[PDB]
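Everything below concerns the one structure shown next.
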Amino acid sequence: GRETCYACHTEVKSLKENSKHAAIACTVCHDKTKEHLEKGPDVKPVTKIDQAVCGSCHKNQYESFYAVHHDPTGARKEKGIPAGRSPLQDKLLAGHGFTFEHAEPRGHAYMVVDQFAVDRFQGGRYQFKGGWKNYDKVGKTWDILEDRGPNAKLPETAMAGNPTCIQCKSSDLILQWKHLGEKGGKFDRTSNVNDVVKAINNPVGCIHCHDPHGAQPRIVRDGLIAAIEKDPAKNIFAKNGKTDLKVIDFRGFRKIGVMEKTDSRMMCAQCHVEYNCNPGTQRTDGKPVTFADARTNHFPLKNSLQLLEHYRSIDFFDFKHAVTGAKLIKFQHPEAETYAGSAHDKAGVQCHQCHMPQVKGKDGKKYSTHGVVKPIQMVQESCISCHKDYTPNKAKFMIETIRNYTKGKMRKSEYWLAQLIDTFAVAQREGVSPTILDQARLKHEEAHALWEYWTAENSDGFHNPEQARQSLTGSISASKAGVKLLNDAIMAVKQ
Amino acid sequence: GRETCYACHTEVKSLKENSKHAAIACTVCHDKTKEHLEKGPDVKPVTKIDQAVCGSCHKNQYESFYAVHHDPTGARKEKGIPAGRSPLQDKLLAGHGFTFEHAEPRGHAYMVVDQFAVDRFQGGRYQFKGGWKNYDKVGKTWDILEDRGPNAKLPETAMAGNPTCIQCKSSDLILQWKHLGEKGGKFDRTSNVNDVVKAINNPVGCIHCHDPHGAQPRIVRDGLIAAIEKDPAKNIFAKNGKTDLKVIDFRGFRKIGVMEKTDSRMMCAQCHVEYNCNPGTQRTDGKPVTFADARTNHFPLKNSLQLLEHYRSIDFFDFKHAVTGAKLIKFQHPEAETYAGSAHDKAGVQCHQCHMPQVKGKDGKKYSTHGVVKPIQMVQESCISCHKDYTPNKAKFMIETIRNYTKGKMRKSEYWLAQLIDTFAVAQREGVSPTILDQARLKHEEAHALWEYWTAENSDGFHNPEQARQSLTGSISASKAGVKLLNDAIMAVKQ
Amino acid sequence: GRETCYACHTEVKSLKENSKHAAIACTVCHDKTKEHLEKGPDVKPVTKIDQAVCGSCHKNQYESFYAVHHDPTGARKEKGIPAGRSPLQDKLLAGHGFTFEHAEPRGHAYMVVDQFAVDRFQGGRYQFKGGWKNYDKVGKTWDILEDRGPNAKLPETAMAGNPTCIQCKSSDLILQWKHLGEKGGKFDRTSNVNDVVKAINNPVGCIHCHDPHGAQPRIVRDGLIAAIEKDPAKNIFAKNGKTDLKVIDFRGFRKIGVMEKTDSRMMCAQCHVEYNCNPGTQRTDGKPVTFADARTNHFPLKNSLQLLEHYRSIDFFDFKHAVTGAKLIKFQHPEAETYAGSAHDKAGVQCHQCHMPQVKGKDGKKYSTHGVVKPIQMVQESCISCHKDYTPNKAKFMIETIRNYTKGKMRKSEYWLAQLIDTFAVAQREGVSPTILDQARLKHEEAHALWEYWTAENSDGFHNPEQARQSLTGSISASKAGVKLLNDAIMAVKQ
Ligand code: HEC
Ligand code: HEC
Ligand code: HEC
Ligand code: HEC
Ligand code: HEC
Ligand code: HEC
Ligand code: HEC
Ligand code: HEC
Ligand code: HEC
Ligand code: HEC
Ligand code: HEC
Ligand code: HEC
Ligand code: HEC
Ligand SMILES: [Ca+2]
Ligand SMILES: [Ca+2]
Ligand SMILES: [Ca+2]
């Protein structure tokens with residue numbers, strides 16, 4: 001009966017006919033279709049967004065996404081500890097909700113539960129049922145978490161969660177959210193986040209990267225489609241002055257982007273980017289930037305060396321540093337923007353080659369693992385598969401040397417920003433002129449942008465070692481210049 | 001001839017007859033008994049306190065206690081290093097003898113030698129014979145250590161050792177120390193520690209936890225029996241408004257506590273607790289608290305959330321912080337008080353199930369290992385034995401996740417106390433009012449009590465994750481409140 | 001024809017005849033000898049300094065020196081990171097070029113390339129060809145590095161490289177450098193370093209430690225021969241009031257030192273020592289000390305407890321600390337001076353026994369490995385070979401316990417110097433008297449000398465645990481004394 005459907009749903013016909021999934025009957029994925037025909041287009045069919053339906057025919061992709069592994073060093077790894085990825089986090093992000101809890105990432109299957117349970121999300125409201133002993137459970141959100149209710153309080157939490165956060169954790173609102181989270185769907189940017197979490201049962205769906213109608217490689221993230229549309233010729237995924245994306249607009253309500261050829265750069269960039277998904281402040285007037293404003297669901301697609309200019313051009317910053325008052329940018333996991341134009345990218349390698357390598361299942365069917373891999377833990381498939389001359393030690397050696405050298409500059413930029421911050425408080429206290437203190441704030445802005453990008457980014461330089469060195473040494477230079485300007489000023493007091 | 005003995009030693013008869021050790025002749029453990037009969041009760045028999053006599057019939061318990069293992073990461077692990085368990089120790093304990101040396105614990109067989117040789121004990125007087133190459137030797141104290149004499153000095157040492165320390169290192173003074181170390185035995189609290197160390201040949205004896213007369217599970221520690229007697233209904237080991245302990249008082253001179261059923265919580269709490277075993281100061285008048293005072297050999301049996309109130313109620317603190325002058329409590333290894341009322345305790349699990357698991361000896365006799373185990377290093381017997389569904393990775397994952405999350409809050413509380421301490425010195429220097437500085441000291445008291453308990457405790461949260469989170473976030477809140485009060489005050493100067 | 005040569009080269013005859021290499025024809029190592037005879041001693045023969053000629057008859061020594069290994073934790077390990085060997089490097093060495101980059105050592109075959117490429121050498125001018133993916137390549141310098149040219153700049157670099165540096169990286173200038181780098185050879189101390197690097201093709205040559213003419217164990221380093229000649233009776237390698245070295249002086253131009261018996265202490269001390277190879281300042285007048293001055297290529301051969309006195313006696317220091325102005329000594333890898341008079345040295349063990357242990361090659365020929373070994377990574381040959389009762393765990397345990405205890409004192413001395421430095425800036429700012437500030441500078445001098453020696457030295461105490469404890473506790477004492485003097489002074493302001 002698809003022809004009857006197709007009379008009214010012509011884009012679906014275009015994706016589905018003569019495709020890999022051509023023969024799949026509609027009722028496989030959609031329930032209540034008879035009521036939809038009979039009663040008309042008031043009675044919408046039900047589209048349950050759900051991995052297990054793809055799993056029925058794609059079991060190795062489904063099993064590997066859900067497989068439970070246990071890293072013997074644990075998870076919930078706070079970054080802000082002496083031996084961690086961001087040892088001076090509490091000082092350098094003073095004034096930001098990340099200081100309440102920010103841990104290293106873990107597996108994809110945990111993404112909703114970890115978003116909802118982290119100390120910075122919603123005041124500790126949502127917790128794992130049964131506590132720590134069930135921290136490794138996968139599946140449905142509300143089988144794993146419980147809701148302690150709106151009036152419960154837990155000490156040293158924050159309330160940074162909002163609806164836009166969910167757009168990088170699940171495909172469950174694909175039909176229930178208007179492009180950008182503008183008003184008109186069941187939920188939008190201004191929704192109460194605690195109404196929204198109830199509807200998220202599942203982590204990133206299979207449909208996030210694969211069209212259900214015709215199995216075409218795709219993107220569904222609003223912010224990512226929008227950024228590419230803004231900059232169709234020069235954006236990080238472009239080639240030859242265009243990008244391999246066709247935007248399909250459904251009813252004026254929501255878009256997808258279909259690509260002729262798999263580009264896991266774009267598919268992983270639906271989440272692995274710097275973004276704004278939060279309220280902020282305007283640099284010019286200091287006016288609030290609320291969820292009313294499109295700037296609160298936004299993807300720059302710019303790297304470390306471009307981002308301070310970019311946020312100044314859209315008159316936006318995230319928080320004032322608690323000590324210096326500097327108008328800082330908060331950075332988050334810019335892996336796509338870092339990877340852009342690195343040695344591997346310019347070689348045509350994509351994220352999935354190192355992070356979703358080929359493994360054999362079952363009997364012995366070849367597939368891309370959909371439990372994403374930490375390359376250092378799997379160098380034979382993530383690296384040696386292509387670098388056939390490498391031994392596992394060599395692969396490890398190369399990953400660690402680059403991170404070693406990058407980390408040395410990261411720790412040195414932190415030492416310098418801490419010096420900047422300590423010098424500034426001294427300079428204040430001895431009331432050095434607000435003019436001078438303001439020159440120092442620009443120094444902080446610059447040194448912070450060129451530093452925090454790399455604690456937020458998760459490769460410690462491996463994704464782009466040149467850009468990391470350039471950025472971090474820029475940060476150091478910025479901070480030592482601020483420290484010299486302030487000390488010059490502090491002397492000039494009793495002068 | 002035991003009947004003749006029994007005419008005069010009626011408690012022994014009560015422990016020994018119809019027991020597991022009924023048939024053991026007295027002369028097995030006691031020498032000079034004929035002179036005792038013949039010459040009378042002036043000539044006391046000799047009771048050599050000594051593991052090797054139990055070993056003669058209990059070889060697997062004896063061999064496993066003495067077995068030498070070599071951890072390839074070494075021992076003598078100072079806590080106060082950037083990657084260690086207490087990275088800000090030197091700043092936060094400024095003014096306390098722990099700043100001279102405080103290392104992580106190692107095996108039981110080393111306990112006397114490590115107490116005597118640590119840099120904080122007695123000015124470096126006692127050293128390992130032959131130096132580092134014999135650091136792993138077990139056995140008799142004075143076969144392993146040498147006495148460089150009373151006038152030798154070693155730089156950057158302290159002289160914190162006293163007799164009461166020995167009561168958690170050996171059973172060797174069981175007959176030679178009057179309850180609490182009151183005057184009347186060969187040694188008491190006011191003895192010169194260098195007279196006492198000469199009499200300690202052996203680490204914790206087999207008799208510390210097992211009655212020699214009838215093999216009944218027991219405690220011998222004075223401080224522990226006393227605390228339970230103070231609080232027989234509500235103490236951490238109680239149940240149903242009483243505790244499973246019968247106190248046996250010998251001649252008015254020394255007590256034991258026998259339990260009808262093995263409770264390794266109590267048996268390990270003879271040492272693994274917070275204690276006072278040191279001189280201190282009175283909070284009200286600032287008067288010294290010397291060894292004359294019973295407060296110097298004392299067990300609170302209270303957890304992190306109760307201890308500041310408890311030490312205020314007995315008008316006692318350990319040291320003024322070198323910078324802030326805050327009247328701090330010094331905390332030590334409160335493992336029993338932490339474990340109380342945690343998930344495993346409420347499940348009826350005891351310390352020995354994870355730390356003394358079942359192993360097979362010899363031929364293949366089943367026994368509890370008496371070389372106490374670090375569970376993460378032995379998850380198959382310490383964890384999987386009960387959690388039969390766990391893989392070794394899962395067990396490790398659970399231990400490390402909890403420690404990971406706990407440690408993130410510990411490091412964040414340290415960042416905050418360091419901020420408190422740095423802010424205070426600023427506030428002083430700019431002479432903010434001693435009234436305000438005093439409000440800040442209370443903040444320090446509170447934030448320190450809720451922080452240092454967890455560096456002293458050895459599980460990094462695993463023993464009680466809820467109480468750890470509650471305490472540490474309390475510390476943070478306390479410190480950020482102090483820092484806000486002081487900064488408010490520091491501005492109010494040039495105001 | 002050697003007799004004809006010998007008529008004019010009589011020292012060579014003395015080394016070569018009746019030796020292990022007696023039969024080797026001259027033309028094996030020297031080309032153009034006929035032109036030298038025919039045209040005379042204007043046409044010098046060519047002596048290509050080159051491992052591969054020794055390799056032709058000594059293949060196992062050559063292969064093991066060049067073998068490529070890949071440490072899976074990587075290389076380029078910056079010291080100045082929280083978990084590294086010198087976590088407070090940026091603060092404590094403020095004002096020195098080491099703050100731009102100082103990493104842990106790696107294999108011998110990398111020594112030239114790492115000297116030329118490090119961020120502190122020559123402004124980033126020299127880089128690995130092909131970047132990170134060729135960081136593990138060995139062989140010829142200029143097959144591995146490229147020269148970006150004199151006008152290229154890279155941010156956050158330094159320009160500390162000079163010709164004297166090369167003397168601890170290669171044997172390539174053995175015939176082209178006059179003793180001490182005095183003027184007269186192709187290169188000397190005042191040469192432009194960028195003229196010199198072009199002539200260094202190879203790392204340390206086989207000839208650095210082995211005479212080519214007669215295979216005698218030897219030294220070629222100018223600074224080392226000179227120090228031993230200064231102090232022939234009492235120097236660290238002496239015995240019975242002399243040293244086992246015969247100095248051979250060729251034409252007044254360059255010296256070797258031949259030893260009757262292998263002493264790898266001396267042979268490794270050609271580089272593994274504290275040295276001055278840099279310009280400096282005079283303590284008395286503050287006058288520059290330039291390459292004109294012999295003090296710029298100099299070996300003290302003194303340990304941690306002697307070096308401050310030694311540098312004061314030759315009126316030399318390296319840099320003023322950027323904050324305190326203290327006239328500091330910069331220390332570098334004093335492994336020979338530390339090892340002197342330690343337990344292993346007094347037992348007659350030499351560096352090569354632990355670092356070049358016996359291995360079997362090829363078929364199964366026994367040899368000393370010439371890829372120098374990190375003992376902890378090879379305890380069976382580096383330790384158990386002599387300590388036959390040791391298990392690999394025990395060996396590891398002993399190395400790590402000593403480093404553990406040593407590191408605890410190192411981190412505590414760093415905490416104290418940082419306190420000194422922070423206190424001093426406070427004391428300045430509140431202008432405490434330059435007299436008092438000067439007493440503090442002496443405190444800094446002393447605490448720095450007794451601290452930085454051990455971050456520079458590479459064993460973390462294992463080479464000499466007693467001297468390490470003595471030095472580091474001396475540093476702590478020095479710093480806490482400075483901190484007390486300054487605080488006493490800072491109070492005495494508003495007094
Ligand atoms: C699972 C394998 C599917 C099969 C087979 C079919 N559809 Fe589908 N459809 C499915 C998903 C998961 C979604 C949600 C949105 C997304 O792009 O992933 C949908 C959505 C539709 C819609 C809504 C389009 C819009 O206007 O915004 C229509 C109208 C739809 N699906 C129709 C449709 C028809 C007519 C089918 C048989 C020919 C059919 N679908 C098969 C998943 C699946
Ligand atoms: C948004 C819906 C996402 C998309 C699309 C991709 N990733 Fe992701 N990733 C995301 C989250 C929120 C997390 C953290 C989950 C948590 O609960 O902590 C991650 C985690 C990873 C990791 C770490 C994996 C692990 O430790 O086990 C990697 C390596 C990873 N992500 C890479 C990755 C790649 C290559 C993608 C395209 C194929 C990709 N991610 C998609 C969010 C989302
Ligand atoms: C091989 C040439 C890679 C490509 C292409 C991409 N990544 Fe990567 N990633 C790489 C390494 C060696 C590391 C360091 C940590 C490791 O595990 O080895 C990383 C790190 C990540 C992380 C951190 C999680 C983890 O895997 O440890 C993420 C979240 C990640 N990378 C994502 C990512 C994305 C989105 C990519 C394309 C834009 C990308 N990676 C490319 C190796 C390689
Ligand atoms: C093929 C699909 C690749 C996979 C998977 C990985 N690498 Fe790679 N690498 C590849 C190419 C074509 C290049 C370009 C230069 C060249 O040899 O042609 C590289 C580059 C590197 C480098 C240098 C990187 C830099 O920033 O300059 C290293 C150190 C490297 N590659 C190692 C590496 C490792 C460890 C991988 C697993 C994470 C890995 N690569 C994946 C081809 C491919
Ligand atoms: C070792 C297995 C023992 C055997 C058999 C017996 N005794 Fe014992 N006794 C032993 C120890 C290790 C100690 C010290 C204190 C402790 O409680 O562990 C003792 C102590 C006694 C005492 C002193 C009691 C007091 O008044 O404070 C008496 C009087 C004593 N032991 C008597 C005794 C008699 C009469 C025995 C044979 C029937 C006998 N003991 C057996 C260890 C051992
Ligand atoms: C006082 C006499 C003690 C009793 C009773 C118990 N323990 Fe203990 N323990 C004590 C000391 C002084 C030390 C440190 C020894 C040193 O020289 O450093 C310890 C050490 C442990 C450890 C660490 C073991 C190791 O690293 O190898 C654990 C796990 C341990 N202690 C647990 C433990 C348990 C469960 C007890 C009751 C069965 C117990 N201890 C008794 C002091 C004393
Ligand atoms: C299993 C449910 C446990 C019980 C009951 C007890 N402990 Fe524990 N302990 C546990 C873990 C997982 C850890 C973390 C470190 C590890 O090695 O895995 C600990 C830690 C200790 C330590 C530190 C020494 C060490 O084992 O690493 C001590 C000294 C210790 N625990 C003592 C102790 C006491 C006295 C207990 C009953 C009050 C107690 N533990 C219970 C696991 C478990
Ligand atoms: C390699 C195995 C060699 C053989 C065989 C011979 N010589 Fe050599 N010689 C060689 C080296 C590597 C060097 C450089 C300096 C050093 O001491 O390593 C030399 C140096 C000479 C010199 C210069 C001495 C000086 O006056 O400063 C002479 C004159 C020399 N070598 C002569 C010589 C003669 C006459 C030989 C055959 C009998 C001969 N050499 C063999 C390496 C080798
Ligand atoms: C000057 C010509 C040297 C002589 C002679 C010796 N060593 Fe050395 N060593 C030197 C350098 C410059 C380096 C660093 C190389 C780099 O590129 O980083 C080293 C390194 C070592 C190491 C570390 C080895 C490694 O990590 O793989 C050791 C253990 C070592 N050196 C010891 C050593 C010994 C025992 C020597 C005499 C036999 C010796 N070195 C000679 C410089 C020179
Ligand atoms: C065995 C008794 C040794 C002797 C003799 C020498 N060294 Fe050593 N060295 C030793 C150990 C156990 C360590 C600690 C690090 C390890 O790898 O085990 C060291 C360290 C070094 C280093 C650092 C590089 C490294 O090997 O990790 C160097 C550069 C080094 N030692 C040099 C050196 C020299 C020059 C010696 C004679 C003066 C010397 N070592 C003696 C063990 C032993
Ligand atoms: C003609 C008139 C038809 C026919 C024959 C079918 N559908 Fe639809 N359908 C139609 C309209 C106008 C609407 C939506 C109006 C609106 O809310 O904007 C729809 C909606 C759907 C949806 C859901 C979109 C959402 O969840 O927001 C699905 C999944 C869907 N239709 C499927 C479908 C199938 C399988 C049909 C043949 C059985 C079919 N439709 C017939 C209009 C018409
Ligand atoms: C009756 C009178 C007896 C008899 C028949 C025995 N003992 Fe004792 N014993 C007795 C007294 C009054 C004392 C101690 C007086 C004092 O110092 O307080 C003791 C002491 C012991 C002790 C030592 C206690 C200590 O070390 O402080 C031991 C181990 C002991 N007695 C054992 C013992 C045995 C085995 C006897 C039968 C052979 C025996 N005693 C007989 C009084 C009397
Ligand atoms: C007599 C006259 C002879 C004879 C028969 C030989 N050589 Fe030499 N050689 C001689 C002199 C005076 C000089 C150097 C003068 C100077 O520059 O100081 C040399 C030099 C060498 C060198 C090089 C030293 C350097 O590189 O600076 C070598 C390697 C050398 N000679 C080797 C050599 C051999 C193998 C001879 C026999 C074939 C030989 N020489 C003959 C003087 C005389
Ligand atoms: Ca952002
Ligand atoms: Ca205490
Ligand atoms: Ca030096």
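Chain A is the first sequence line, chain B the second, and so forth, proteins listed ahead of strands; every chain is numbered from 1. Scope of the values below: all heavy atoms of this structure, side chains included, with no hydrogens, waters or symmetry mates.
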Partner of C:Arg189 under side-chain hydrogen bond (donor to acceptor under 3.5 Å, both in side chains), chosen from C:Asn297, C:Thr164, C:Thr296: C:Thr296

For C:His96, what residues pass the ring-ring contact (aromatic ring centres under 6.0 Å, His included) criterion, not counting sequence neighbours? C:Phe98, C:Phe319

Would C:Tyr6 and C:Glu17 satisfy side-chain hydrogen bond (donor to acceptor under 3.5 Å, both in side chains), going step by step from the backbone distance to the final call? CA-CA 10 Å; C:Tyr6 288 147; C:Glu17 299 291 296; 2.6 Å; yes

Can you tell me which residue pairs pass the salt bridge (charged side-chain N to carboxylate O under 4.0 Å, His left out) test with a partner in residues 214-233 of chain C, sequence neighbours excluded? C:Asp211-C:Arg218, C:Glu229-C:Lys255

Separation of C:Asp263 CG from C:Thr243 OG1 (nearest 0.5 Å): 9.5 Å

Do C:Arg2 and C:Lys16 touch side chain to side chain, with heavy atoms closer than 4.5 Å? yes

Side-chain donor/acceptor pairs under 3.5 Å, residues 367-376 of chain C, sequence neighbours excluded:
unit_1   : atom_1 : unit_2   : atom_2 : d
C:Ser368 : OG     : C:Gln358 : NE2    : 2.8
C:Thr369 : OG1    : C:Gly371 : N      : 3.4
C:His370 : ND1    : C:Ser368 : O      : 2.8

Under 30°, 30 to 60°, or over 60°: which ring-plane class applies to C:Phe65 and C:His108, parallel, tilted or perpendicular? tilted

Sequence neighbours excluded, the answer for salt bridge (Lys or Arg N to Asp or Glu O under 4.0 Å) partners of C:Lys137 is none

Within the side chain of C:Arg295, is there an N or O that forms a donor-acceptor pair under 3.5 Å with the backbone of C:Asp315? yes

Partner of C:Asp147 under side-chain hydrogen bond (donor to acceptor under 3.5 Å, both in side chains), picked from C:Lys129, C:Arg125, C:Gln122, is C:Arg125

Non-hydrogen side-chain atoms of C:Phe237 and C:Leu245 separated by less than 4.5 Å: no

Quick one: list whatever passes salt bridge (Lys or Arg N to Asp or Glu O under 4.0 Å) with C:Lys330, sequence neighbours left out. C:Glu452

C:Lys246, NZ: over 12 other non-hydrogen atoms inside 6.0 angstrom: yes

C:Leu145 backbone acceptor or donor facing C:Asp143 side chain under 3.5 Å: no

Expected list for residues 27-46 of chain C: side-chain donor-acceptor pairs under 3.5 angstrom, two or more places apart:
unit_1  : atom_1 : unit_2  : atom_2 : d
C:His30 : ND1    : C:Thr47 : OG1    : 3.0
C:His36 : ND1    : C:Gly40 : O      : 3.4
C:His36 : ND1    : C:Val43 : O      : 2.7

Can you tell me how far apart CD1 (C:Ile256) and CD1 (C:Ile225) are? Round to the nearest 0.5 Å. 8.0 Å

Between the side chain of C:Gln306 and the main-chain N/O of C:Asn303, is any donor-acceptor distance below 3.5 Å? yes

Residues passing the ring-ring contact (aromatic ring centres under 6.0 Å, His included) test with C:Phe116, sequence neighbours excluded, are C:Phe121, C:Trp142

Any salt bridge (charged side-chain N to carboxylate O under 4.0 Å, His left out) pairs touching residues 335-346 of chain C, not counting sequence neighbours? C:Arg265-C:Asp345

Does C:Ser264 reach the main-chain N or O of C:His352 with its side chain, forming a donor-acceptor pair under 3.5 Å? yes

Hey, is the main chain of A:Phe397 close enough, under 3.5 Å, to the side chain of A:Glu400 for a donor-acceptor pair? no

Give the table of side-chain donor-acceptor pairs shorter than 3.5 Å for residues 196-205 of chain C, with sequence neighbours excluded, one pair per line with atom names and distance.
unit_1   : atom_1 : unit_2   : atom_2 : d
C:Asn202 : OD1    : C:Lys140 : NZ     : 2.8
C:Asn202 : ND2    : C:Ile49  : O      : 3.1
C:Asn202 : ND2    : C:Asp172 : OD1    : 3.2

Please check if any side-chain donor atom of C:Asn162 sits under 3.5 Å from a side-chain acceptor atom of C:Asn278, or the reverse. no

Going by the rule salt bridge (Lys or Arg N to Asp or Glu O under 4.0 Å), which residues pair with C:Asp136 if we only count those two or more places apart in sequence or in a different chain? A:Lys394

Between C:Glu78 and A:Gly408 (side chain of the first, backbone of the second, donor and acceptor by atom type, cut-off under 3.5 Å), is there such a pair? no

If you apply the rule side-chain hydrogen bond (donor to acceptor under 3.5 Å, both in side chains), what do you find for C:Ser459 with C:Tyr339, and how did you get there? CA-CA 10 Å; C:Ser459 69; C:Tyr339 191 72; over 6 Å; no

Please enumerate all residues that pass ring-ring contact (aromatic ring centres under 6.0 Å, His included) together with C:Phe291, with sequence neighbours excluded. none

Flag for C:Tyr311-C:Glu274: side-chain donor and acceptor within less than 3.5 Å: yes

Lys/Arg cation over aromatic C:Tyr135: C:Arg106, 6.0 Å, 45° cone: yes

For C:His9, give me all partners under ring-ring contact (aromatic ring centres under 6.0 Å, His included), at least two apart in sequence or on another chain. none

No-hydrogen, no-angle side-chain donor-acceptor test under 3.5 Å, C:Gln51 and C:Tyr66: yes

Is it the case that over 12 heavy atoms from other parts of the model lie below 6.0 angstrom from the NZ atom of C:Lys362? yes

Quick one: does C:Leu15's side chain get under 4.5 Å of C:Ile248's, heavy atoms only? yes

Please check if the side chain of C:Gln282 supplies one atom and the backbone of C:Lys287 the other of a donor-acceptor pair under 3.5 Å. no

Answer yes or no: is there a donor N or O on one side and an acceptor on the other, between the side chain of C:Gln467 and the main chain of C:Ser304, under 3.5 Å? yes

Determine whether a donor-acceptor pair (N or O, by modelled atom type, separation under 3.5 Å) exists between the side chain of C:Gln216 and the backbone of C:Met259. no

A:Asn404 side-chain N/O to C:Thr73 backbone N/O, donor-acceptor pair under 3.5 Å: yes

Taking atom types as modelled, find out whether C:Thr190 and C:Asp188 have a side-chain donor-acceptor pair closer than 3.5 angstrom. yes

